[PDB]
Amino acid sequence: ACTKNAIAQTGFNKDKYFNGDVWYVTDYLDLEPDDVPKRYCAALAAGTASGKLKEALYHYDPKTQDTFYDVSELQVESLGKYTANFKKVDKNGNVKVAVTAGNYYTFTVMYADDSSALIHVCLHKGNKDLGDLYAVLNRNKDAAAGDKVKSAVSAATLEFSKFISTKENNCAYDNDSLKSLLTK
Ligand code: HEM
Ligand SMILES: [N+]
């Protein structure tokens, strides 16, 4: 189960974050021992499509090759805090698993600037018992975490040294699919 009420960034700039561009996960911290492997790659695009706040997701496990995309319409809880009812889709937006009761995530944007972000995610999916996840994002898939985002990790009373990097997984992303999924 999740245990954190993450606090959103003071002065969060939603239009800059939700600009339709891609964010790559560079580092992550899963609070429950084994909800996820020590290497999925992940990326997302977030934006407004025909007036609707949307987020598209990509996951890839470079060892198993397990791959999946999702798209969600987002609902607002407060500035920087959103609820996402996800649908599993192929890379072209064709539905594989419809929106389902019990299938949603919340996320909180704890820190963001033009190039980097720190988010909290609480995923709910069927009968899995999942815990809190934190992720450091960058607009550049190769960027080492800089001082603004690392300081934000500290300010959340977390230790960046505990975060697991995705950089040695050598993941390659279909950015075009993420951006186009925002409309689907
Ligand atoms: C970027 C922020 C992330 C968000 C919003 C997110 C969200 C989600 C969602 C919605 C699902 C279920 C998708 C579906 O069933 O259609 C999922 C599954 C999963 N995610 Fe993430 N995720 C993120 C990052 C990560 C990271 C960095 C990892 C690293 C290991 C990870 C590991 C997993 C795993 C292992 C599953 C499979 C869960 C299961 O079915 O048991 N996710 N995630
Ligand atoms: N996840």
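Here we take up the coordination of the iron atom of ligand 1. For a metal with four donors in a tetrahedral arrangement, the ideal angle between donors is 109.5 degrees, while six donors in an octahedron ideally sit at 90 or 180 degrees. Just one protein atom coordinates the iron atom of ligand 1, and that atom is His-59 (NE2), at 2.0 Å. Note that the iron atom of ligand 1 binds six donor atoms; their angles at the metal cover 88 to 179°, and the shape is octahedral. Along the chain, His-59 falls in strand 3 (residues 52–60).

Now for the side chain of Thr-83. Mapped onto the secondary structure, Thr-83 falls in strand 5 (residues 81–89). The class for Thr-83 is buried, based on a relative accessible area of 18%. A polar atom in the side chain of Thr-83 sits 2.7 Å from the side chain of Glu-77. When neighbours within four sequence positions are excluded, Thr-83 is seen to be in contact with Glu-73, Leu-74, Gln-75, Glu-77, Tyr-104, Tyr-105 and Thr-106.

The subject of this paragraph is the UniProt feature "disulfide bond" in the chain. The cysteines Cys-2 and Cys-122 that UniProt joins by a disulfide are bonded here; their SG atoms are 2.0 Å apart. Pair noted here: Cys-2 is in the segment before helix 1 (14–17) and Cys-122 is in strand 8 (residues 116–124), with a separation of 120 residues, a long-range link. A sulfur gap of 1.1 Å between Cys-41 and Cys-171 means the disulfide that UniProt records is present in these coordinates. Highlighted residues: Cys-41 in strand 2 (residues 41–49) and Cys-171 in the loop between strand 10 (164–165) and helix 3 (175–181), separated in sequence by 130 residues.

What follows deals with the site of ligand 1. Near ligand 1 you find 19 residues, and of these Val-36, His-59, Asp-70, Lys-88 and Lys-125 are the closest. Within the contact set of ligand 1, a nitrogen atom lies 2.8 Å away from a side-chain nitrogen or oxygen of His-59. The contact in question runs from an oxygen atom of ligand 1 to an N or O atom on the side chain of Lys-125, over 2.7 Å. Elements with a minimum of two residues in the shell around ligand 1: strand 1 (19–30), strand 2, strand 3, strand 4 (67–78), strand 5 and strand 8. Counted by class, the shell around ligand 1 contains 14 nonpolar, one polar and four charged residues.

As a further point, take unusual backbone geometry. Residues other than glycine seldom take positive phi values, yet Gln-65 does so here, at roughly 70°. Along the chain, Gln-65 falls in the loop between strand 3 and strand 4. What makes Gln-65 exposed here is its relative accessible area of 57%. Phi at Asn-170 takes a positive value of approximately 60°, unusual for a residue other than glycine. In this fold, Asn-170 is placed in the loop between strand 10 and helix 3. Given the relative accessible area of 69%, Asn-170 is considered exposed.

A few words on the pattern of salt bridges. Within this structure, the stated rule accounts for four salt bridges. In this structure, the salt-bridge partner of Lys-16 is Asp-114, at a minimum N-O distance of 2.8 Å. With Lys-16 in helix 1 and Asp-114 in the loop between strand 7 (104–112) and strand 8, the pair connects residues that are 98 residues apart, well separated along the chain. Exposure remark for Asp-114: the relative accessible area of 52% places this residue in the exposed category.

This paragraph deals with the pairing of strand 9 (residues 132–138). Counting buried positions along strand 9 gives six out of seven residues, so the element sits mostly inside the fold. Bridging between strand 1 and strand 9 involves six bridges; their strand directions are antiparallel. Within strand 9, the position partnered with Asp-30 by the bridge is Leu-133. Two elements, strand 8 and strand 9, share seven bridges in a ladder whose sense is antiparallel. Looking at the pairing, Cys-122 lines up with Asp-132 of strand 9.

Cut-offs used in this document
- Sequence order as written determines residue numbers, which begin from 1 on each chain and need not coincide with the entry numbering; residues that lack coordinates are not included.
- Chains carry letters from A onward and ligands carry numbers from 1 onward, assigned in written order.
- Based on all heavy atoms of the structure, the side-chain values leave hydrogens and waters out of the count.
- Note that water is not among the atoms considered, so a metal site may appear incomplete; the donors listed are N, O and S atoms within 2.8 Å of the metal, with 3.2 Å applied to Na, K and Ca.
- Only four donors with every angle between 85 and 135 degrees are called tetrahedral; only four or six donors with opposite donors over 155 degrees apart and all others between 65 and 115 are called square planar or octahedral, in that order; all others are irregular.
- Going along the chain from the N terminus, every DSSP run of H or I of four or more residues is numbered as a helix, and every run of E of two or more is numbered as a strand.
- Each residue's exposure class comes from its accessible area (1.4 Å probe, protein chains only) as a fraction of the maximum for that residue type: buried when under 20%, exposed when over 50%, partly exposed otherwise.
- Each polar contact in these results corresponds to two N or O atoms within 3.5 Å; when the atoms are within protein, one needs to be able to donate a hydrogen and the other to accept it, and residues that are neighboring in sequence are counted only if both atoms are side-chain atoms.
- Should any heavy atoms of two residues lie within 4.5 Å, those residues are counted as being in contact.
- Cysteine sulfur atoms that pair up within 2.5 Å are treated as a disulfide.
- UniProt positions are given in the numbering used here, feature names are shortened, and annotations may be inferred rather than shown by experiment.
- Near, as used in this document, describes a residue that has one of its heavy atoms within 4 Å of the molecule or strand being considered.
- Just so you know the grouping, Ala, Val, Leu, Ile, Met, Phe, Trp, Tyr, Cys and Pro go in nonpolar, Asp, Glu, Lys and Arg go in charged, and all remaining residues, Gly too, go in polar.
- Take a side-chain nitrogen of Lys or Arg and a carboxyl oxygen of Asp or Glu: if they are within 4 Å of each other, that pair is a salt bridge.
- DSSP bridges decide pairing: two strands pair if at least two such bridges lie between them.

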